[PDB]
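Below is one structure, written out as structure tokens, with a few remarks after it.
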Amino acid sequence: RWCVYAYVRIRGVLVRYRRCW
């Protein structure tokens, strides 16, 4: 019951996104 963001390597770049349990 929590959510957190993370960064992924896409297009040789670092993109941030939001995640949830």
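Chain labels follow the order of the structure tokens: the first chain is A, the next B, and so on; residue numbering restarts at 1 in every chain, and ligands are counted from 1 in their shown order.
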inquiry  = Residues of chain A classed as strand (DSSP E) by DSSP on the backbone are to be reported as a PyMOL selection string.
reply    = chain A and resi 3-10+13-20
key: Spatial neighbours of region 3-6 of chain A, 8 Å, only C-alpha atoms, chain gap at least 4 places, as a ChimeraX atom specification   = /A:16-21
